[PDB]
Novice: 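To start, I am sharing the structure in question, which I have written as structure tokens.
Scope of the values below: all heavy atoms of this structure, side chains included, with no hydrogens, waters or symmetry mates. All residue numbers in this chain count up from 1 along the given sequence.
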Amino acid sequence: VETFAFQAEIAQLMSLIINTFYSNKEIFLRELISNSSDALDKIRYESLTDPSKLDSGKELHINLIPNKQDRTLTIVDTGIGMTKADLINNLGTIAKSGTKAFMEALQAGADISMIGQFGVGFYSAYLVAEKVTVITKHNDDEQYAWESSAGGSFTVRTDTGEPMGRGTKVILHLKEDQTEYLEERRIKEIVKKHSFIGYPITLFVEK
Ligand SMILES: CC1(C)CC(=O)c2c(C(F)(F)F)nn(-c3ccc(C(N)=O)c(N[C@H]4CC[C@H](O)CC4)c3)c2C1
């Protein structure tokens, strides 16, 4: 397990997200599904010039897995996935200007629902989650686990767990007052209302 500090802009944004009383928290789901849709568009796109990129799985979909007992909502996709360098530094590098601009927009009176327009929609997870775990597998690398409960640090380790084939699992460890997002009728209504997604989105209903 390696521990890293977030870039200053991103730690400032996470501190603002984690601590905000911003009522419209439901936007987190459309943001995470949009990340999944962009990852599915990328792997589909790359497969048109190199069909072997789909040897790790041909199905292109999104799964929504609420878990009341564990207080977790998992977002699973079979997109391009992320490499070790994407998790530690490369996605954060591209996100730097977007993060700073989003915060300037918020200072100028803008709404937290604009987060996606700045390319940093992933961090909207912290509106409802006290900790986020990211399990990911890209074709050019090993399976990795990324994790952060904010507070300025994140960890990256090789994932010894169940092999994924290719894609990303975003595990939201929900805050005590945000358990409504584990309810089947709530997920359904949010997916219908806010969710632009040219891939099947399947809600796993709890037995
Ligand atoms: C690395 C992170 C842990 C922390 C981070 O900063 C961050 C950001 C960023 F804010 F930078 F935009 N976005 N982001 C994220 C989260 C899920 C996914 C998905 N579900 O695959 C994703 N896919 C990108 C991967 C690159 C491809 O070109 C396009 C599809 C990106 C994360 C996850």
Novice: Donor-acceptor check, side chain of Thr136 to backbone of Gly167, threshold 3.5 angstrom: yes or no?
Specialist: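 Here the side-chain-to-backbone pair exists.
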Novice: Please tabulate, for the side chains in residues 78-85, all donor-acceptor contacts under 3.5 angstrom to protein atoms that are two or more places apart in sequence or on a different chain.
Specialist:
residue : atom : partner : partner atom : Å
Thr78   : OG1  : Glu59   : O            : 2.8
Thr78   : OG1  : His61   : N            : 3.1
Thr83   : OG1  : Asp86   : N            : 3.2
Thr83   : OG1  : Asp86   : OD2          : 3.2

Novice: Would you say the side-chain atoms of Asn67 pair up with the backbone N or O of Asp70, donor to acceptor, closer than 3.5 Å?
Specialist: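 Confirmed, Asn67 side chain pairs with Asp70 backbone.
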Novice: Flag the pair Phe28 / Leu172 as yes when at least one side-chain heavy-atom distance between them is below 4.5 Å, and no otherwise.
Specialist: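 Yes, side chains in contact.
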Novice: If you count the non-hydrogen atoms of other residues, nucleotides and ligands that lie under 6.0 Å from CG in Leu203, is the total more than 12?
Specialist: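 Yes, enclosed.
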Novice: Regarding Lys188 and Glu184, does a basic nitrogen lie under 4.0 Å from an acidic carboxylate oxygen?
Specialist: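 Salt bridge between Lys188 and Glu184, a charged N being under 4.0 Å from a carboxylate O: yes.
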Novice: Does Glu104 pair with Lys100 as a salt bridge, N-O distance under 4.0 Å?
Specialist: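 Answer for the salt bridge query: yes.
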Novice: Could you grab the distance from atom CE of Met14 to atom OG of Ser148, nearest 0.5 Å is fine?
Specialist: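 It comes to 4.0 Å.
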Novice: Hey, are the side chains of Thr202 and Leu64 touching, using non-hydrogen atoms and a 4.5 Å cut-off?
Specialist: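 Side chain of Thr202 against side chain of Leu64, heavy atoms only: no contact under 4.5 Å found.
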Novice: Starting at CG of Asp41, measure out to CD1 of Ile43 and round the result to the nearest 0.5 Å.
Specialist: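 So the gap between those two atoms works out to 11.5 Å.
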Novice: Please name the residue in the list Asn63, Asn35, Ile65, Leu29 that meets the side-chain contact (heavy atoms from CB on, under 4.5 Å) test with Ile75.
Specialist: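 Exactly one option meets the side-chain contact (heavy atoms from CB on, under 4.5 Å) with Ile75, and it is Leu29.
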Novice: Please report the interatomic distance OG(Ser149) to NE2(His173), rounded to the nearest 0.5 Å.
Specialist: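 Answer for the OG-NE2 pair, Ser149 versus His173, is 8.5 Å.
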Novice: Judged by atom type as modelled, is there a donor-acceptor pair below 3.5 Å linking the side chain of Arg166 to the main-chain atoms of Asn139?
Specialist: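 Looks like no, no N/O pair under 3.5 Å.
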Novice: Quick check on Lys192: does its NZ atom have over 12 non-hydrogen neighbours (other residues, nucleotides or ligands) under 6.0 Å away?
Specialist: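 Not buried by this count: 12 neighbours or fewer within 6.0 Å.
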Novice: Just how far is it from atom CH2 of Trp146 to atom CG of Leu91, taken to the nearest 0.5 Å?
Specialist: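 So the CH2 of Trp146 and the CG of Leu91 are separated by 11.0 Å.
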Novice: Can you tell me how far apart CE (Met103) and OG (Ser15) are? Round to the nearest 0.5 Å.
Specialist: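 If I round to the nearest 0.5 Å, the distance is 10.0 Å.
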Novice: Roughly how far, to the nearest 0.5 Å, is CD of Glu180 from CZ of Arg186?
Specialist: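 The CD atom of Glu180 is 6.5 Å from CZ of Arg186, to the nearest 0.5 Å.
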Novice: For a 4.5 angstrom cut-off between non-hydrogen side-chain atoms, does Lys137 reach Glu142?
Specialist: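 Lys137 vs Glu142: side chains apart.
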Novice: Using the six-membered ring wherever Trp is involved, compare the ring planes of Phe6 and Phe154 and label them parallel, tilted or perpendicular (cut-offs 30° and 60°).
Specialist: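 Ring orientation, 0 to 90° scale: tilted.
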Novice: Between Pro66 and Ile187, is any pair of side-chain heavy atoms under 4.5 Å apart?
Specialist: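 They are in contact (side-chain heavy atoms under 4.5 Å apart), so the answer is yes.
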Novice: Taking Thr49 for the side chain and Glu46 for the main chain, is one N or O donor matched with an acceptor at less than 3.5 Å?
Specialist: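 Side chain of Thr49 to backbone of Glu46, a donor-acceptor pair under 3.5 Å: yes, one is there.
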Novice: Is the shortest distance from a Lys or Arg side-chain nitrogen in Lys175 or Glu130 to a carboxylate oxygen in the other one below 4.0 Å?
Specialist: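 Salt bridge absent between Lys175 and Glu130.
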Novice: Is it the case that the side chain of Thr93 and the backbone of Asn89 share a donor-acceptor pair, with hydrogens and angles ignored and the cut-off at 3.5 Å?
Specialist: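 Present.
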Novice: To check you understand the geometry: which heavy-atom pair defines the closest contact between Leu127 and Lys25, and what is its length?
Specialist: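 In this case the closest contact between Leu127 and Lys25 is O-CD, 3.2 Å.
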Novice: Looking only at heavy atoms, which two atoms of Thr179 and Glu176 are closest? And how far apart?
Specialist: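 Looking at all heavy atoms of both residues, the shortest contact is CG2-O, 3.6 Å.
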Novice: Any salt bridge linking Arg157 with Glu147? Criterion: basic side-chain nitrogen under 4.0 Å from a carboxylate oxygen.
Specialist: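 The answer is yes: the pair qualifies as a salt bridge.
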Novice: Does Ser113 offer a backbone N or O that forms a donor-acceptor pair with the side chain of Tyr22 under 3.5 Å?
Specialist: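 Here the side-chain-to-backbone pair exists.
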Novice: Mind telling me whether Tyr126 and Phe122 have parallel, tilted or perpendicular rings, with 30° and 60° as the class edges?
Specialist: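 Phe122 and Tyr126: perpendicular rings.
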Novice: Over all heavy atoms of both residues, which pair between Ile62 and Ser37 is shortest? Give the atoms and the distance, please.
Specialist: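 The answer is CD1-N, 4.1 Å.
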Novice: Minimum heavy-atom separation for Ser153 and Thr3, please, with both atom names.
Specialist: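 Scanning both residues, the minimum pair turns out to be CB-CG2, 3.9 Å.
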